[PDB]
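> Just the structure for this:
(chains A and B)
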Amino acid sequence: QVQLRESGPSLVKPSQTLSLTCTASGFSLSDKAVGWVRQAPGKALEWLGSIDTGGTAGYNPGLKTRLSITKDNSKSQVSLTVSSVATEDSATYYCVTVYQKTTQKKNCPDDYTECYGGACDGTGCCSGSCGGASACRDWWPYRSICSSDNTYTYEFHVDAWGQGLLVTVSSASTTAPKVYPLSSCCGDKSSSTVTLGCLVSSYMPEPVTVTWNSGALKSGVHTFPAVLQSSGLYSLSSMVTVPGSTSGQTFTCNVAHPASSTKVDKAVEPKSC
Amino acid sequence: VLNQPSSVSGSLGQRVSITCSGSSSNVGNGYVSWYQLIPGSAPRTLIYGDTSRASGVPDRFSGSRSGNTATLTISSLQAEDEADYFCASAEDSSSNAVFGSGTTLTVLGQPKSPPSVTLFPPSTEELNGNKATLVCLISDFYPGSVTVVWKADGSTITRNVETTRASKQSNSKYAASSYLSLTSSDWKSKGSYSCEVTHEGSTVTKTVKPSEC
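Residues are numbered from 1 along each chain as shown, chains lettered A, B, ... in the order given. You can find the structure just below:
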């Protein structure tokens, strides 16, 4: 049940250094190669790099001059540092555990047999059954395929993923949202059910998270994706639908904007009239 | 980047194959892996080493490879399978991972559904700041494609409208939102505003009257 938690700034200015931290749980960091994968909005996954238990880092060749990954086994932390960031570095950054291995292995064709030495340095395959021998043969009719050194298999895969941290590269400033209650005009609804919500207006950067009544109200809730307004700020709405009638039922939307260290708990009352 | 189709489909209960084309330097090297990305959730490893399944991956997910092309096949499609799928492969080095372009899977056979429409007037708190934002929330429609038209006193509005594109809810249908950004004075100067939502050639309209809120 490995947990990987990314932490760091949600917003960075162009040409600044982005630095993220990955704190792990459910395992010791000294037994796993930990790495980073990012996904720019609506784009493909992109490998950044990793650092193995031995302390040697490995990086995406096209990016490694801007990347730095360091580790701290005692504090169970892996860092990512990206220098001189640009707009194109805006992305969700995923901390990951990784399997890496370079194996010169063997897939001898079904009409070949295991051989060793003679016509090959180290092990190889020999034609047919190699005349019942053990050393490789490369004299007619026998053919040898040697392990040589260019038949290496590079093995890579990600087993555990973090939830990811969204990072925005922008010269715009962090802006806390205004939160407004949403309730229908008195006599402008299709009851019995009552729909109400919150308008999370004009914030920067993403994301904002919305819950209702401190999580005690999951059912009937839908938080819509944010829209980017011409002002360069985001807005979104969250809506909740309930049986209605009331009371007791009070309704509070809990808006959290981590980037600005701000939380808003807005009381939404069903008008009155 | 490894080449995947941008999008593929396949109806419920059926199978579909997602290809991943590369060179002998990545895919042909013979250690392809597959990953599943459901929105609002962490990525999930499905396949590694071409054919081996990650822990807790059912048999209906299966991978294979033929030279420089790997294939992820998904049998018995369910609505939960709708997600982005990515292949991956090392190249010239185990620290040099190369992901595929990504494939958006769609699971068809879903029943058509009209949208529910809720139009919210501006709050008193927003009006006190001389702003007035009307919010039209659109939910539970299929297929996910609506057009939204705003009206004031029955006359069409082109200015100050912003509409989000449709995304899936945890109930498996679609939701979208549309915003009309007015000043407080604009909001009071009209008899009514309307949110007009068209879906599959049929339109649902909701109206609010400033006189009554």
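> Secondary structure element for the closest residue to chain B within the stretch 1-150 of chain A, which one?
When Cβ to the nearest Cβ is the measure, the stretch 1-150 of chain A has its nearest residue to chain B at residue A:58, with 2.6 Å between them. C-beta: built from backbone N, CA, C; applies to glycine. Using DSSP states H and E, residue A:58 sits within strand A:57-59.
> For residue 111, the count of nearby residues, please.
You didn't say which chain, so I picked chain A. 9 (other Cβ atoms under 10 Å in any protein chain shown).
> could you do chain B instead?
Applying the criterion other Cβ under 10 Å, we find 6 residues in the vicinity of residue B:111.
> Now it. Nearest residue, chain neighbours left out?
Spatial nearest neighbour of residue B:111, excluding adjacent residues (Cβ to Cβ, 6 or more residues apart in numbering or on different chains): residue B:142 at 6.8 Å.
> Quick one: residues contacting that neighbour.
Taking Cβ atoms under 8 Å, 6 or more residues apart in numbering or on different chains as the contact definition, residue B:142 lies against B:110, B:111, B:112, B:113, B:173, B:174.
> Who does it form a beta bridge with?
Partner residues in beta bridges with residue B:142: residue B:113, with DSSP bridges as the criterion.
> try residue A:267
Under the criterion DSSP bridges, residue A:267 forms beta bridges with residue A:252.
> how about the contacts of residue B:142, which pair is most distant?
The largest separation in the contacts of residue B:142, counting by Cβ to Cβ, is between B:111 and B:174 at 12.7 Å.
> Geometric centre of chain B: which residue is closest?
Compute the mean C-alpha point of chain B, and by Cα atoms, centre = their mean the closest residue is residue B:167, 4.0 Å away.
> Who are the contact partners of the residue lying closest to it once chain neighbours are set aside?
Excluding its sequence neighbours, the residue lying closest to residue B:167 (Cβ to Cβ, 6+ apart) is residue A:225, at 5.2 Å. Applying Cβ under 8 Å, 6+ apart, we find residue A:225 in contact with A:236, B:164, B:165, B:167, B:177.
> repeat that for 7 Å
With contact set as Cβ atoms under 7 Å, 6 or more residues apart in numbering or on different chains, residue A:225 has these partners: A:236, B:164, B:167.
> before we move on, what about residue A:143?
Applying Cβ under 7 Å, 6+ apart, one finds that residue A:143 lies in contact with residue A:127.
> Ok, the one 4 residues further on next?
If you count contacts by Cβ under 7 Å, 6+ apart, residue A:147 has them with A:104, A:120, A:122, A:123, A:124.
> Distance of it relative to residue A:69?
Here the criterion is Cβ to Cβ, to the nearest Å. By it, residue A:147 lies 32 Å from residue A:69.
> do the same with residue B:52
If you measure residue B:52 against residue A:69 using Cβ to Cβ, the figure is 27 Å.
> More neighbours: these two, which one.
Neighbours were tallied for residue B:52 and for residue A:69 using other Cβ under 10 Å; the higher tally belongs to residue A:69 (20 against 12).
> Need the phi and psi values for that one.
Main-chain torsions, residue A:69, degrees, to the nearest 10: phi -120, psi 120.
> I figured it was touching residue A:52, is that so?
No: distance between residue A:69 and residue A:52: 10.3 Å, which falls outside the contact criterion (Cβ atoms under 7 Å).
> counting contacts, what elements does whichever helix or strand residue B:178 is part of pack onto?
When elements are assigned from DSSP H and E, residue B:178 belongs to strand B:174-183. Packed against strand B:174-183, as judged by 3 or more Cβ pairs under 7 Å, 6 or more residues apart in numbering or on different chains; DSSP states H and E, are the following elements: strand B:131-141, strand B:161-163, strand B:167-168.
> can you give me the strands in the stretch 1-150 of chain A?
Here the stretch 1-150 of chain A has its strands, by DSSP state E, counting those that start in this stretch, at A:3-7, A:11-12, A:18-25, A:33-39, A:45-51, A:57-59, A:67-68, A:71-72, A:77-82, A:91-103, A:112-116, A:123-127, A:144-146.
> Any idea what residue 97 is bridged to?
Just so you know, I chose chain A. Per DSSP bridges, residues listed as beta-bridge partners of residue A:97: residue A:34, residue A:160.
> meant chain B actually
Here residue B:97 sits in beta bridges with residue B:90, going by DSSP bridges.
> how many neighbours does it have?
28.
> I figured it hits residue A:156, correct?
Yes: in this structure, residue B:97 sits in contact with residue A:156. The criterion is Cβ under 7 Å, and the distance is 4.9 Å.
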